[PDB]
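Ideal geometry is used to build each Cβ from the backbone, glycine not excepted, and the neighbour counts take in all protein chains shown. Taken together, the values in this text are just the output of simple stated rules run on the coordinates, not laboratory data.
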Amino acid sequence: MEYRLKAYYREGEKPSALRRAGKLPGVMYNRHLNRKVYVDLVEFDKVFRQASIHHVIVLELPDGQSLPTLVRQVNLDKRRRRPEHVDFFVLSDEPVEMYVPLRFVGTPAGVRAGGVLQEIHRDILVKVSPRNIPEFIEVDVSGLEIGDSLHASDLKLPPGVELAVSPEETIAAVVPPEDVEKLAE
Amino acid sequence: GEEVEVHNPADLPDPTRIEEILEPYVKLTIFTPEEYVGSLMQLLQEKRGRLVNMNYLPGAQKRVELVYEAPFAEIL
Amino acid sequence: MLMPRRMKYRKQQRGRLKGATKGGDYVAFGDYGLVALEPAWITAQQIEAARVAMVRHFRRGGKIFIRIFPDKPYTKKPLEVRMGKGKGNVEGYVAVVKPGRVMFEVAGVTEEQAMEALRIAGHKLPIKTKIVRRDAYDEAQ
Amino acid sequence: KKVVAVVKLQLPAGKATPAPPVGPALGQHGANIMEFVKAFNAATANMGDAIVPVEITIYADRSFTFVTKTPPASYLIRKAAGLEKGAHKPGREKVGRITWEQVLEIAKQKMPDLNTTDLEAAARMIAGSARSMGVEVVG
Ligand SMILES: [Mg+2]
Ligand SMILES: [Mg+2]
Ligand SMILES: [Mg+2]
Ligand SMILES: [Mg+2]
Ligand SMILES: [Mg+2]
Ligand SMILES: [Mg+2]
Ligand SMILES: [Mg+2]
């Protein structure tokens, strides 16, 4: 659910040289702290592919000062498609805007015709306390024809857990699903 | 109107007026043995025809028969 | 086949194919992207050639998201005419594609299916390609 | 004077014409081929129609023998929903239906067959014959 990852501090070291030795630049921060840190690539890859920016990566700093962080953004090398440098937001206790994954619970009526469930958001935005990180959040997609739209204003919402983004926001559609029978026109 | 002929086909009255036609489909009896029937029958599915029945003559077991109605052109 | 429904300037200067992409370096609609490895001008009819091959392949089902649009006019002179005398006349459209560019994106399709569609599509194309699956990096973007 | 047999076919109920494959091996029989429509459509004028299989065997002095089985789960349900043909595109397209008991009373008809002596197991396969043609089962 929540994970652990072994951050080491870094100083004036040349980013590209860390990178060279399989290490990935970063920097952790909040209202109070902001400190130059690095982490191992493979370590972080595994953890990140699993954790993303929804859960809580805990940081095994090199002094038993273990810290509870959320990944605010990963910066990618646009070209050869590898990550270049992470950010680590340190969690406090005042509620924090962040991203909770979505569970489209059910198979729609649109497929069960041929349709395509186009999941607009695979996550939503909500200010919640770090206590309550509802690591999934489900939706009734089951009652869905084609030409069917779902908006954030539905959506169950746990305790509790305020929608950051305005309720009119669209999150789901079932859509016509190609057809060679079309096309030829 | 009704119309009899002609042996050389091109002439025949225009599809503007034409609601009837005739392919002097015969059905034929082929003795065959064993099974060449599978091969054969399908062949007589292209040159479309019509099975009635017919019979196995006694053996040689490869003894066998088939009575089919097929249009004269396709048959040939 | 795609091309600006209307515009301001009929022809336009060729420019240069330098750098890596300015945007859309991450899968952002479907589950499977085709991405670009060399830079080049991809032509309205190639995009289409590539789209079709996937539709023909999915035959009924899936969605296709195409994320390059061809809005650069491509000019040419008449055959056997001499240098100068003016600029060529429009002959089609390319879109300018630069490495790390997510061009197509399929969704609602089995992994087996997608990678055979996105693979064929890449044969239609004049450049080198890599198929990829919506990571998690791409969700963090 | 043709040898013995061990014939394996799959013939329907009612439509009993000498037309093949009631022949290509059933002539290796001198098969009393009209014995089907009588002995078979007498006991099986109680089901109605449908492909009831047949294992016929010839012997030395040119004669046969068989004990057939039961009509499809695609038949006993077609009459109990007002259906000749299924639905063209199952899973989504429902034409007629069958209840939890109307599925149970069918296992009743085909039980001396399959393998399970259960009514809980048998009718599942019948309930499996449901979606297979698109006929819905009422909850
Ligand atoms: Mg790696
Ligand atoms: Mg060119
Ligand atoms: Mg040019
Ligand atoms: Mg020119
Ligand atoms: Mg010139
Ligand atoms: Mg290529
Ligand atoms: Mg942005």
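For segment A:123-128, putting each phi into the Karplus relation 6.51 cos²θ - 1.76 cosθ + 1.60 with θ = phi - 60° gives couplings of 6, 10, 10, 8, 7, 9 Hz, in residue order, rounded to whole numbers and with x for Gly and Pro.
Computed about the Cα centre, the dipole magnitude for segment D:70-138 is approximately 340 debye when only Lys and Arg (+1) and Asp and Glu (-1) carry charge, each at its Cβ. Mind giving me the FRET efficiency for D:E120 and D:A87? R0 is 22 Å, r the Cβ-Cβ distance, nearest 0.05 is fine. According to the calculation, E is roughly 0.25. Under 15 Å from a point placed 7 Å out from the Cα of D:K69 along the Cα-to-Cβ direction: which residues of segment D:89-112 have their backbone N that close? Answer for segment D:89-112: D:109-112. Annotation: peptides B:21-29, B:41-49, C:82-90, D:127-135, ranked by per-residue average of other Cβ atoms within 10 Å with the highest first, follow the order D:127-135, B:41-49, B:21-29, C:82-90. For A:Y9 and A:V96, the FRET efficiency from 1/(1 + (r/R0)^6), where r spans their Cβ atoms and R0 equals 22 Å, is about 0.40.
With Cα atoms defining each centre, segment D:32-60 and segment C:21-86 are spaced 65 Å apart in the structure. Note on C:105-117: average number of Cβ atoms from other chains within 10 Å of each residue's Cβ is 2. Model label sites at B:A60 and B:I21, defined 7 Å from Cα along the beta-carbon direction, differ in position by 4.1 nm.
Couplings 3J(HN,Hα) of segment D:56-68, computed from phi: 9, 9, 8, 9, 4, 6, 6, 8, 10, 5, 6, 9, 7 Hz, in residue order, whole Hz [Karplus 6.51 cos²θ - 1.76 cosθ + 1.60, θ = phi - 60°; x for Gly and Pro]. Cα centroids of segment D:108-127 and segment A:137-185: 42 Å apart. Amide H contacts of A:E138 (H built 1.01 Å from N, in plane; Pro and chain starts excluded): A:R103 sit under 5 Å, all sequence-distant by 5 or more or on other chains. Checking the cross-link pairs A:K23/C:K18; C:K11/C:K85; A:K23/C:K22 against a 19 Å limit on the alpha carbon distance flags A:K23/C:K18; A:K23/C:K22 as lying beyond it. Among C:22-28, A:128-134, B:13-19, sorting by the average number of other beta carbon atoms lying within 10 angstrom of each residue, highest first, gives C:22-28, A:128-134, B:13-19. Comparing A:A113, A:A173, A:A152 in a Gaussian network model of chain A (Cα springs below 10 Å), the most mobile by mean-square fluctuation is A:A113.
Charge dipole (Cα centre; +1 on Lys/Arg Cβ, -1 on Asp/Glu Cβ; no other charges) of segment C:29-137 amounts to roughly 400 debye. Extension gain for A:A17 to A:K36 (0.36 nm times residue separation, less C-alpha to C-alpha distance): 5.3 nm.
Tell me the relative contact order for chain C as a rounded percent, counting alpha carbon contacts under 8 Å between residues six or more apart. Computed over chain C, the figure is 42 percent. Spin-label model, B:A73 to C:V90: label points 7 Å out along the Cα-to-beta-carbon direction sit 5.4 nm apart.
Taking 19 Å as the straight-line reach from the Cα of C:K124, the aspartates and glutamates in range (excluding those fewer than 8 positions away in the same chain) are C:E38, C:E48, C:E105, C:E116.
Remark: relative contact order (chain A) = 18 percent; criterion is Cα-Cα distance under 8 angstrom and separation of 6 or more residues. Tell me the angle of helix A:41-51 to the major Cα principal axis of chain A, expressed in degrees between 0 and 90 and rounded to the nearest ten. Approximately 40 degrees, to the nearest 10. Ordering C:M83, C:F65, C:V97 by Cα displacement along the dipole of segment C:29-137 toward the positive end leaves C:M83 in first place; charges were set at the Cβ atoms of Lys, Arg (+1) and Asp, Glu (-1). Listed by chain and number, the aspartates and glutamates placed with their C-alpha closer than 16 angstrom to that of D:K94 are D:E84, D:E136; residues fewer than eight positions away on the same chain are left out. By the rule of a C-alpha distance below 14 Å, with chain neighbours fewer than 8 residues away ignored, the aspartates and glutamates paired with C:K72 are C:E91. Each Cα pair under 8 Å and six or more residues apart adds its separation to the average, and for segment C:1-71 the resulting relative contact order is 58 percent. Phi angles of segment A:170-185 translate, via the Karplus equation with coefficients 6.51, -1.76, 1.60 and θ = phi - 60°, into HN-Hα couplings of 8, 10, 8, 9, 9, 9, x, x, 6, 2, 5, 4, 5, 6, 4, 5 Hz per residue; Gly and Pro are given as x. For a paramagnetic label modelled on D:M111 (point 7 Å from Cα along Cα→Cβ), amide N atoms under 18 Å away belong, within segment D:7-49, to D:47. Among the listed pairs D:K15/D:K85; C:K8/C:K130; B:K27/D:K38; D:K15/D:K79; A:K156/A:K182; B:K27/D:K8, a Cα-Cα separation exceeding 26 Å is found for C:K8/C:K130; B:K27/D:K38; A:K156/A:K182; B:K27/D:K8.
Across peptide A:101-113, the mean count of Cβ atoms from other chains lying within 10 Å of each residue's own Cβ comes to 1.
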